[PDB]
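A note on names: the letters A, B, ... follow the listed sequences, proteins ahead of strands, and every chain is numbered from 1. Heavy atoms only: backbone and side chains are in, while hydrogens, waters and symmetry mates are out.
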Amino acid sequence: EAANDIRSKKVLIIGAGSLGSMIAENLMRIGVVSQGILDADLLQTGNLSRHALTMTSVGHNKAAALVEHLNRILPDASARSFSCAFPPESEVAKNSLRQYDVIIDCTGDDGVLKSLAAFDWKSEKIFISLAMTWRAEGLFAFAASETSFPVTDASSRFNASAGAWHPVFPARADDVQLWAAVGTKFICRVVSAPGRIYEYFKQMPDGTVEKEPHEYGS
Amino acid sequence: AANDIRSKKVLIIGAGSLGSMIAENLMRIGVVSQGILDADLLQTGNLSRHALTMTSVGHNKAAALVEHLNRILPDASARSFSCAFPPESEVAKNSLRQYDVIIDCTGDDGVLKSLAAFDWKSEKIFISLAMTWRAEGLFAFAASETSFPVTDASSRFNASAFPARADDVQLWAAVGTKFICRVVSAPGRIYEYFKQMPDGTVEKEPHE
Amino acid sequence: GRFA
Amino acid sequence: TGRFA
Ligand SMILES: *OP(=O)(O)OC[C@H]1O[C@@H](n2cnc3c(N)ncnc32)[C@H](O)[C@@H]1O
Ligand SMILES: *OP(=O)(O)OC[C@H]1O[C@@H](n2cnc3c(N)ncnc32)[C@H](O)[C@@H]1O
Ligand SMILES: [Mg+2]
């Protein structure tokens with residue numbers, strides 16, 4: 001349904017780090033041209049082992065540089081940068097964030113969850129939190145369609161779930177790319193059917209991916 | 001290091017959807033010595049499922065990918081081959097015979113028999129990776145021979161046999177980079193067919 | 001049958 | 001629950 005098509009939705013992504021940058025790129029390539037990207041940190045050389053950007057963006061704000069990359073993917077790309085932390089201090093910035101339909105949290109920070117729950121979004125939004133486990137052995141994937149973010153329930157679900165190719169080893173580019181692909185699919189499924197959803201994915205040593213709750217396959 | 005791809009020279013024949021993303025993944029984990037063999041130009045329609053952007057449209061796929069790969073890390077040492085496999089010059093064929101791991105990402109049955117007909121003049125780790133037409137599956141073949149086993153690879157592909165989006169190809173790029181790293185860590189005759197589900201979960205069926 |  | 005993005 002066109003009214004449940006993310007390609008027509010404005011999509012804020014709070015956190016232009018490893019997972020957020022790769023998700024933002026995935027969404028831009030499928031046609032999500034109206035993206036907001038919020039991050040106050042600068043890119044550094046140690047980030048490049050697990051990021052969408054290159055050395056040309058080292059020293060630049062992570063949001064501004066990500067938005068430059070995104071606006072080179074498609075002719076109608078209209079990505080916009082917010083070089084600050086959430087929540088903003090300006091009232092203009094807050095009003096700009098309140099124009100986005102889908103608010104996608106990719107920070108891994110519990111304080112950001114608390115800030116989302118406290119911000120006055122002034123209308124119903126499709127909230128989507130996404131983060132990985134410490135060695136990228138799994139992916140927490142929470143979603144909700146409410147005027148205020150449900151921080152308590154999200155935290156509860158996260159706590160309840162809680163060579164170098166092996167998932168137990170530290171995270172590499174391919175680990176984050178795998179969970180950016182699984183999270184982009186989760187983001188598109190949530191927008192197609194909004195509601196309270198929670199899923200926990202797991203990378204296995206044989207190269208397979210599993211989900212809790214189980215849905216497809218044996 | 002003998003089991004470590006970061007110290008191996010890695011030729012990647014095919015700088016398209018799957019091969020561009022695999023190359024980038026490998027560069028970011030530390031595979032700095034890479035070759036990239038492709039003769040076609042990057043097209044605007046390729047970008048929906050590719051590692052590069054509009055700034056590379058109109059440029060040879062190999063050269064553009066190598067320019068991108070050399071900007072990823074300081075020690076990146078990617079090299080471009082703007083010709084189709086096999087080369088025509090005898091210098092070029094010697095250049096390809098310096099690479100340890102030859103990774104075919106073309107999906108072309110002609111390249112498979114070209115690999116078998118090429119004289120590598122040494123043992124290599126050959127890896128062929130391709131997807132089904134709607135990226136519902138991934139064919140993942142590997143071998144460690146002095147000549148590419150084209151008959152057997154074709155057999156295992158035939159036995160296993162909406163439009164693919166960026167999240168479909170990126171998932172398989174990740175799976176394939178993990179397959180590539182498992183093969184170089186324990187070389188041998190390996191074949192595995194993966195399948196993606198609507199929620200991004202992956203199932204596997206290896207050949208015995 | 002195969003697409004890279 | 002430790003989470004890394
Ligand atoms: O877009 P796609 O999935 O078809 O990607 C295939 C890539 O493989 C390249 N290709 C095809 N045939 C060859 C040969 N013989 N040598 C090098 N590269 C080759 C396509 O150009 C595309 O990039
Ligand atoms: O690299 P990584 O997995 O740590 O990614 C986390 C990213 O999230 C950003 N972050 C952290 N806190 C915030 C707030 N409050 N607003 C926006 N982005 C935020 C980190 O800077 C990092 O890029
Ligand atoms: Mg830093």
Side-chain angles (χ1 to χ4, degrees), chain A residues 22-23 25-31 45 48-57 69-75 77 139 141 163-167 172-189 199 201-211 214-218, chain B residues 3-6 21-22 24-30 44 47-56 67-74 76 138 140 165-186 192 194-204 206:
Chain A
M22 296 181 190
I23 288 174
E25 185 185 340
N26 291 359
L27 292 168
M28 183 59 71
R29 291 191 190 278
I30 63 167
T45 45
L48 299 171
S49 60
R50 311 177 300 199
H51 215 275
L53 298 174
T54 74
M55 286 183 289
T56 62
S57 294
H69 171 53
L70 297 165
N71 287 333
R72 281 157 179 75
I73 296 173
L74 300 180
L139 170 71
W165 50 262
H166 201 282
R172 307 186 305 177
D174 56 353
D175 295 291
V176 180
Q177 287 281 10
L178 192 82
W179 290 139
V182 171
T184 298
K185 293 170 186 296
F186 179 81
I187 287 160
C188 294
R189 294 157 60 220
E199 299 156 14
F201 299 86
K202 292 179 173 180
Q203 198 185 152
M204 307 297 302
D206 63 336
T208 61
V209 179
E210 302 179 358
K211 193 185 79 178
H214 186 85
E215 183 169 2
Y216 299 96
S218 328
Chain B
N3 58 351
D4 199 354
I5 189 166
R6 297 178 293 179
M21 297 180 197
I22 283 174
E24 183 172 359
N25 286 3
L26 291 167
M27 186 54 74
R28 289 189 190 274
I29 67 165
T44 283
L47 296 174
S48 65
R49 50 205 188 187
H50 208 268
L52 305 176
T53 76
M54 289 187 285
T55 62
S56 291
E67 293 178 351
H68 163 69
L69 293 164
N70 284 342
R71 295 175 182 181
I72 293 175
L73 295 180
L138 176 72
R165 299 193 302 177
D167 54 355
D168 302 302
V169 182
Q170 284 282 6
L171 187 78
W172 284 144
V175 172
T177 297
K178 300 156 187 304
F179 177 86
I180 287 160
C181 293
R182 290 153 61 207
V183 166
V184 173
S185 294
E192 300 176 343
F194 297 88
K195 294 174 182 176
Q196 163 190 276
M197 309 293 126
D199 63 345
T201 57
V202 180
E203 294 188 326
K204 184 183 66 153

- Message: So which residue, A:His51, A:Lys202, A:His166, ends up with the most heavy-atom pairs under 4.5 Å with chain B?
- Response: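 If we count pairs closer than 4.5 Å to chain B, A:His51 comes out on top.
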
Tell me, side chain or backbone of [X] under 4.5 Å from chain B's heavy atoms, or both, or neither?
X        : value
A:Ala52  : backbone
A:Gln203 : side chain
A:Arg189 : side chain
A:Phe201 : side chain
A:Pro205 : backbone
A:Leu74  : backbone

For [X] and [Y], which heavy atoms make the closest approach, and how far apart are they?
X        : Y        : value
A:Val182 : B:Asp199 : CG1-O, 4.3 Å
A:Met55  : B:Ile72  : CG-O, 3.6 Å
A:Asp175 : B:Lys178 : OD1-NZ, 2.9 Å
A:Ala173 : B:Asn25  : CB-O, 4.2 Å
A:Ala181 : B:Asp167 : CB-O, 3.5 Å

- Of all of B:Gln170, B:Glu203, B:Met197, which one pairs up most often with chain A through heavy atoms under 4.5 Å apart?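 The option with the most such pairs is B:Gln170.
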
- Contact origin within B:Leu52 toward chain A - heavy atom pairs under 4.5 Å: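 The backbone, not the side chain.
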
- B:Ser185, part contacting chain A, at a heavy-atom distance under 4.5 Å: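 The side chain, not the backbone.
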
- Message: Return the CD to OG1 distance between B:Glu24 and A:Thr54, rounded to the nearest 0.5 Å.
- Response: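 Answer for the CD-OG1 pair, B:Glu24 versus A:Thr54, is 9.0 Å.
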
- How far does NE2 of A:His214 sit from OG1 of B:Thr201, to the nearest 0.5 angstrom?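 Answer for the NE2-OG1 pair, A:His214 versus B:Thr201, is 7.5 Å.
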
- Item | B:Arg28 side chain vs A:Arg172 backbone, donor-acceptor pair below 3.5 Å |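 No; judged by distance alone, with no hydrogens or angles, the pair does not exist.
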
